[PDB]
Structure formats: structure tokens, C-alpha cells
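Residue numbers (the deposited numbering): 30 to 180, 192 to 195. Just below is one structure, and these are the notes that go with it.
If you want it as C-alpha cells, here you go:
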């Protein structure tokens, strides 16, 4: 059906250089991201090139583009692992000051009810950064939501 968008995701896949890799990726997405399955894998790859090669302000624009494809386009199974590993790369690489903006802006998109372990595991790990920060005020609101999720995890 959409044999076009599948191969331009794979044509813009190799590259090696970031140079113009992200412009040909965007020509896959912006052939109308109708289904959003190859709009996701176009942007997913753009993220792994943006944060790793210096440009985090440019990244967060594309980061929030990706988070649109959760209620539609992609299932929660694959989209769960997508943000997991993209935070694992930024967790070990950059520090608190570039990691915490993405933890918050993730949960903004996760205004979700059926997300239990998807919602809880981001919110549990938001409550760890706020202890190093000395941000105890908002940290209590985080713990109030966490505690109210159960009333395994209540420990």
C-alpha cells in the first residue's frame, strides 16, 4: 500500500553522517504522516541523531512530535520501549539539566488512564531526580499521585 514511505525511511536510514540525513527523513514523515507508523520511525531516528550530536533545543521539537503517535498510529507496546531507550541514552550521556525536561514533557503527553506501568514507571523515575534537585515541594505531589495509583509497586 505505502511502499513509498517504507523505502525512503530505509533510504534515509543509512547516511552515517547527520549532514542532510534529517532532511530526507522529514520528507518521509511530511508525505502526510497518515498512519504514523513510518512517521514515528522517521522521527525516532531523527531523535537519536539530534541529542547525540549536540542539538537538544532542536531535539525537543521532534521529541514532542513523536509523542502525538501514542493514542493513534502506534501501539503502546512498541511506543513504550521507544521512549525507554531514548531516555536510557540521555540518562547515561547528559546530566540532570538535560534529562529532566524530557521526563516532565513525557508525562504531559501521558495524560492517560489505561497507562498503568507506562504512566507509573516515568513518574517513579521523575521522583528520583527531584531528590538530587532539592525540589521537595513538587516531589510530594508526585508521591501523592504514585500512592493513589495503588490505593509490589506499593512498596
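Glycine residues also receive a C-beta, built at the ideal position from the N, C-alpha and C atoms.
Practice task
Only counting runs of 4 or more residues, tell me where the alpha helix (DSSP H) segments fall wholly within the segment 58–141, in order along the chain.
Solution key: 66–79, 85–95, 105–121 and 125–138
Problem - Three-state secondary structure (DSSP) of residue 163 - result: Your numbering for residue 163 matches position 134 in the chain shown. The answer is coil: DSSP assigns residue 163 none of H, G, I, E or B.
Practice task
Helix, strand or coil for residue 32, going by three-state DSSP, please let me know.
Solution key: What you label residue 32 is simply residue 3 of the chain shown in a count that begins at 1. Helix, per DSSP.
Problem - Stretch pair the segment 49–59 + the segment 95–107: three plus CB contacts closer than 8 Å - result: no
Practice task
For residue 81, collect the residues of the same chain with a Cβ closer than 8 Å to its Cβ; drop the 5 residues on either side in sequence, then sort them by chain order.
Solution key: Translated into positions along the chain shown, residue 81 becomes position 52. Cβ within range, chain order: 118 and 122.
Exercise for the section: Take residue 108 and list the residues in its own chain whose beta-carbon comes closer than 6 Å to its own, dropping the five residues that flank it on each side. Expected result: Within the chain shown, numbered from 1, the residue matching residue 108 stands at position 79. Within the same chain, residue 108 has close Cβ partners 99.
Handout entry: residue 133 beta carbon less than 8 Å from that of residue 147
Key = Mapped onto the chain shown, residue 147 falls at position 118. Mapped onto the chain shown, residue 133 falls at position 104. Between residue 147 and residue 133, the CB-CB gap reaches or exceeds 8 Å.
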